[PDB]
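**Student:** dropping in the first section of the assembly, placed as in the complex:
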Amino acid sequence: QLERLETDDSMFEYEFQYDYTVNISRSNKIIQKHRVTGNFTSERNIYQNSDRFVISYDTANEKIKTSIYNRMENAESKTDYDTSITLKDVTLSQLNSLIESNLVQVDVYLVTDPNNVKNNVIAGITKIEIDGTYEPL
């Protein structure tokens, strides 16, 4: 079970220590959440190595150029993987229309390296719709 301790005193003694510089679940990387607020540009791209989506967006801080590797879970004896990605390409290329019109907001969860920031790959995306509806990706 997972209960929130919630707001409590002696909090300050704790906040100092829980400031982190490393992730023990990655290979010399960490995870970051950026709030997409500007120009989201998606475009399908295959490289010699694998299948990815070239993604670049703006935050209140800086502009990030990143990638995301493509995969499917439990797609058997079916062309669905191909048509499923083309769904996500349409869905991606529509995000920019929705952020600008403030119909949704985007949470990009980035697996990033603290040293070389060019090592940027997205781990997952949450779409936070005005409805209270959450369509992750």
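**Tutor:** Structure received. Numbers count the residues shown, from 1 in each chain, chains lettered A, B, ... in the order given.

**Student:** so which strand or helix has the nearest residue to residue A:107 once chain neighbours are set aside?
**Tutor:** Closest residue to residue A:107 apart from its sequence neighbours, by Cβ to Cβ, 6 or more residues apart in numbering: residue A:126 at 4.2 Å. (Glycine included, C-beta is placed from N, CA and C.) Element membership of residue A:126, judged by DSSP states H and E, is strand A:120-129.

**Student:** who's in contact with the residue lying closest to residue A:91 once chain neighbours are set aside?
**Tutor:** Leaving out its chain neighbours, the residue that sits closest to residue A:91 by Cβ to Cβ, 6+ apart is residue A:137, at 7.2 Å. By Cβ atoms under 8 Å, 6 or more residues apart in numbering, residue A:137 lies in contact with A:88, A:91, A:92, A:124, A:125, A:126, A:127.

**Student:** and for residue A:56?
**Tutor:** Per Cβ under 8 Å, 6+ apart, neighbours of residue A:56: A:39, A:40, A:41, A:63, A:64, A:65, A:66.

**Student:** ramachandran angles for it?
**Tutor:** phi -150, psi 130 (degrees, to the nearest 10).

**Student:** now residue A:102
**Tutor:** Per degrees, to the nearest 10, the backbone of residue A:102 is at phi 40, psi 40.

**Student:** next one: it from residue A:128, what distance?
**Tutor:** Per Cβ to Cβ, to the nearest Å, residue A:102 is found 11 Å from residue A:128.

**Student:** could you list every helix and strand that the lengthiest helix in chain A packs against?
**Tutor:** Longest helix of chain A, by residue count under DSSP state H: helix A:80-100. For helix A:80-100, the packing partners by 3 or more Cβ pairs under 8 Å, 6 or more residues apart in numbering; DSSP states H and E come out as strand A:41-46, strand A:51-58, strand A:104-112.

**Student:** can I get those strands in JSON lines with distance to residue A:70?
**Tutor:** Formatted as JSON lines, those follow (distance: least, Cβ to Cβ, whole Å):
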{"stretch": "strand A:41-46", "distance to residue A:70": "9"}
{"stretch": "strand A:51-58", "distance to residue A:70": "4"}
{"stretch": "strand A:104-112", "distance to residue A:70": "15"}
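
**Student:** for residue A:24, find the nearest of those.
**Tutor:** strand A:104-112 (13.7 Å; Cβ to Cβ).

**Student:** direction included, what does that closest one pair against?
**Tutor:** Strand A:104-112 has its sheet partners listed here by DSSP bridges as strand A:30-36 (antiparallel), strand A:120-129 (antiparallel).

**Student:** mind giving me JSON lines with those and columns for distance to residue A:77?
**Tutor:** Formatted as JSON lines, the strands paired with strand A:104-112 follow (distance: least, Cβ to Cβ, whole Å):
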{"stretch": "strand A:30-36", "distance to residue A:77": "35"}
{"stretch": "strand A:120-129", "distance to residue A:77": "27"}
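
**Student:** add chain B to the structure above:
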Amino acid sequence: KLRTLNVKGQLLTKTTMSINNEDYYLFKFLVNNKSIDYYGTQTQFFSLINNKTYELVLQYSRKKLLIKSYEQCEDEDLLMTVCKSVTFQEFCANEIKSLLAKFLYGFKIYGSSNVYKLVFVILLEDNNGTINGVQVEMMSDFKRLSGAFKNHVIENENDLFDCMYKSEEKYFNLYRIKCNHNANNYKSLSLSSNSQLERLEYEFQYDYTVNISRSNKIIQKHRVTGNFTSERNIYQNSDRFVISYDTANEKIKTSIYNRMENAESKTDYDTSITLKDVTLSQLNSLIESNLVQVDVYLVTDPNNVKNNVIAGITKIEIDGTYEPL
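**Tutor:** Putting chain B onto the chains we already have gives this:
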């Protein structure tokens, strides 16, 4: 209540596909020069013809973007309709467009009988949405340039330089300019017969960091104020003049490349250059006595100020006469 979006564009492709016994329809549109895919049903799949401008009212239903309603706009033309920015795609499509630019410098290309280069700063959009101010070059003969400038008459070369200097850093509504793209890409501008340049007589960053026409260089103008020295030097790689001049800020060492047009089947190449060295070895004399002022238009590398190459020198005289080199 639900929310909708109004967009206007022109249809390019319409794709269909099926997933889990559900037949979907996509409509690739060109809205604001952006290839966007909008969802639609089977009814619209036969209601919309490609290459035809439509007015669209969208709708965000079921975490998708659906076309709610549609009407037809008929073959709209945006020429003479000045717009603040152009895109990289328009330089590939090689379009005729009337846009707003900001004049800069302007000179005669060395060794050319008539080729003048005008330098502009245009607000250019990359396909990520960031609008940067970049430097662009327009090469054109005197013929088109004489009538290109709206409201100003130019009957001879001496008249051209006046209309350029009196228009330095002024804003221009360029009309019917063609965007270009090359084997060596080198994106630039160029006039057509039916084009005008109108002095407009802002509120966006017209600072340039890069010239799209040039690869890794830019263009600047230096008012020569101090010691001007020149001597002809042929090298293992080319034939050059080596020039050193002072400005109100520093001294610039640089070099200009020797070349000649319309001097075929004639010793005029070797004689006119030697006559130019005299014109160069006299500049310092005239600037001290203030008989002339000299503007040097130089292609500089923003990283290394050693990769300096002169593109044009305009000699400003006291009487109102101009003589370029």
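
**Student:** take the contacts of residue A:137 again, chain B included.
**Tutor:** Contacts for residue A:137 (Cβ atoms under 8 Å, 6 or more residues apart in numbering or on different chains) come out as A:88, A:91, A:92, A:124, A:125, A:126, A:127.

**Student:** with residue A:102 instead?
**Tutor:** So residue A:102 contacts residue A:130 (Cβ under 8 Å, 6+ apart).

**Student:** so the closest residue to chain B within chain A is in which element?
**Tutor:** At 3.7 Å from chain B, residue A:39 is the closest residue in chain A, using Cβ to the nearest Cβ. Following DSSP H and E, there is no helix or strand that holds residue A:39.

**Student:** report how many residues lie close to residue A:77.
**Tutor:** Look at residue A:77: counted by other Cβ atoms under 10 Å in any protein chain shown, it has 5 neighbours.

**Student:** about what we covered before: in TSV: the contacts of residue A:137, plus neighbour count and distance to chain B.
**Tutor:** TSV is the format used below for these (neighbours: other Cβ atoms under 10 Å in any protein chain shown; distance: Cβ to the nearest Cβ, whole Å):
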residue	neighbour count	distance to chain B
A:88	16	12
A:91	19	8
A:92	21	10
A:124	13	16
A:125	20	13
A:126	15	13
A:127	20	8
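
**Student:** give the bridge partners for the most centrally placed residue in chain A, please.
**Tutor:** Using Cα atoms, centre = their mean, the residue of chain A that lies closest to the mean C-alpha position is residue A:108, 2.7 Å off. Note on residue A:108: beta-bridge partners by DSSP bridges are residue A:34, residue A:125.

**Student:** what parts of chain A come near chain B?
**Tutor:** Residues of chain A found near chain B (Cβ under 8 Å from any Cβ of the partner chain) are A:38-39, A:41, A:56, A:63, A:80, A:83-84, A:86-87, A:89-91, A:93-94, A:97-98, A:101, A:103, A:127, A:129-130, A:133, A:135.

**Student:** now the buried members of the residues you listed.
**Tutor:** For the residues of chain A next to chain B, a neighbour count by 16 or more other Cβ atoms under 10 Å in any protein chain shown gives the buried set as A:38-39, A:41, A:56, A:86, A:89-91, A:93-94, A:97-98, A:103, A:127.

**Student:** looking at the residues you listed, which two lie furthest apart in space?
**Tutor:** Maximum distance among those (Cβ to Cβ): 25.4 Å, for A:38 and A:86.

**Student:** wait, doesn't residue A:110 sit right on residue A:36?
**Tutor:** No - using Cβ atoms under 8 Å, residue A:110 is not in contact with residue A:36, being 10.9 Å away.

**Student:** skip the chain neighbours and tell me the closest residue to residue A:84.
**Tutor:** Counting by Cβ to Cβ, 6 or more residues apart in numbering or on different chains, the nearest residue to residue A:84 once its immediate chain neighbours are dropped is residue A:72, at 6.1 Å.

**Student:** chain C should go on the structure too:
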Amino acid sequence: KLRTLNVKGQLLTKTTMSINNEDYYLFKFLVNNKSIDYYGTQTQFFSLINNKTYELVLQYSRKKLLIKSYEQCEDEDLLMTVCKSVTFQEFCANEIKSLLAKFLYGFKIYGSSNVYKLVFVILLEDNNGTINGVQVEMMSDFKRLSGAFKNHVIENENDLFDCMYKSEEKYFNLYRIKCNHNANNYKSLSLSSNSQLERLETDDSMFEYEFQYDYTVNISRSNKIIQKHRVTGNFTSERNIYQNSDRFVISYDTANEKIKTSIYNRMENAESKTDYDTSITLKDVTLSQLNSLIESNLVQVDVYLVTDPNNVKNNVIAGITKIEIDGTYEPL
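**Tutor:** Adding chain C to what we have so far:
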């Protein structure tokens, strides 16, 4: 005579457009696991249903490939049908696929009790069309691994190890294996319940040709490959706790060179017991005994090592298997 071409695939999408009021009809099909676009006429655009297989007949006319004639095949199934190679894309779709592979190594991971890992070389075609042999990993427990081996029953651990050491460097036809990505992409294989690993048992001819099965890269490891080493001489073990993790510093002779390495101490199923230290020290005794055991040929030890191909001093031990004169095998 205009020349023609025959191919078979499934309609994915169909697109139409207009160039100077000249209508075109394009079919994004799926031929041999690739996305090729074929020109058609207005008629085909209507009779072809997406996600359905169509045996096509193409013609090169007017510098384009038109779908001359079409006939429908229904839903071709390739399970139990061995493939020489599989593409990256089949790992993305997380396909159950029956392909041809070669077995290299087999061992039980250090610290573990009921988990085993097999090493394979599969031909894997990149998306530029070139095929290379890649060293691929696979994890499954003892229960799956017991009956999955076709035509060899495996009742116990010591039999499973006997069923692998003769199988080393022998071709396996793999049946219904799950190819799979992860958060850390780590492309790998897993045994479903309906999978069967059956031995080719014919070295001669077949597909070792052009030595396509050269292992230079591991697709389940990051820039590191697994290599088996036969221990020959001085075996040195000692326990070191570093600032970061508990380890044993191990150094052994092979007929080839001398390898200094380490091994990360882990323990499964420590349940209200201090027995983690007590079994690691129990493994401490096991290690200082091994040097004496090897000198006397009483046992032989195989070291499956995870090494970097360029910076070969990077070394972590994945597992250790000890072959005894009685034939009993001890993993660690």
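
**Student:** what packs on helix A:80-100 again please, chain C included this time.
**Tutor:** In terms of contacts (3 or more Cβ pairs under 8 Å, 6 or more residues apart in numbering or on different chains; DSSP states H and E), helix A:80-100 is packed against strand A:41-46, strand A:51-58, strand A:104-112, strand B:4-19, strand B:34-40, strand B:64-72.

**Student:** just give me how far the fourth one sits from the chain centre.
**Tutor:** Spelled out, that is strand B:4-19. 34 Å (Cα atoms, centre = their mean, to the nearest Å).

**Student:** would you put the C-alpha positions of it in CSV?
**Tutor:** What follows is strand B:4-19, C-alpha atoms only, in CSV (Å, rounded to 0.1, in the frame of the first residue of the first chain):
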residue,chain,number,x,y,z
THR,B,4,-14.1,23.9,-31.8
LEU,B,5,-11.3,25.4,-34.0
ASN,B,6,-11.6,27.3,-37.2
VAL,B,7,-8.9,26.8,-39.8
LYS,B,8,-8.5,27.6,-43.5
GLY,B,9,-6.3,25.6,-45.8
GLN,B,10,-6.0,23.6,-49.0
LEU,B,11,-6.3,19.8,-49.3
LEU,B,12,-3.3,17.8,-50.6
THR,B,13,-3.9,14.1,-50.0
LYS,B,14,-6.6,12.0,-48.4
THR,B,15,-5.6,8.6,-47.0
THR,B,16,-7.7,5.8,-45.7
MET,B,17,-6.9,2.8,-43.6
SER,B,18,-8.5,0.3,-41.3
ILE,B,19,-7.9,-0.9,-37.7
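
**Student:** for residue A:122, which non-adjacent residue is spatially closest?
**Tutor:** residue A:68 (4.1 Å).

**Student:** so what's the residue count around the one you found?
**Tutor:** The burial count for residue A:68: 23, using other Cβ under 10 Å.

**Student:** can you count the residues close to residue A:51?
**Tutor:** So residue A:51, with other Cβ under 10 Å, has 19 neighbours.

**Student:** so what's it up against?
**Tutor:** Contacts of residue A:51 by Cβ under 8 Å, 6+ apart are A:69, A:70, A:85, C:88, C:89, C:92, C:127.

**Student:** give me that answer again for 6 Å
**Tutor:** A:70, C:92 (Cβ atoms under 6 Å, 6 or more residues apart in numbering or on different chains).

**Student:** show me the contact partners of stretch A:84-92.
**Tutor:** Taking Cβ under 6 Å, 6+ apart as the rule, stretch A:84-92 contacts A:42, A:44, A:70, B:37.

**Student:** so what's the residue count around the third one?
**Tutor:** What it means is residue A:70. Residue A:70, neighbours per other Cβ under 10 Å, totals 22.

**Student:** now it, nearest residue through space, not along the chain?
**Tutor:** residue A:51 (4.3 Å).

**Student:** tell me the residues of chain A that contact chain C?
**Tutor:** A:46, A:48, A:50-51, A:69-73, A:75, A:79, A:81-82 (Cβ under 6 Å from any Cβ of the partner chain).
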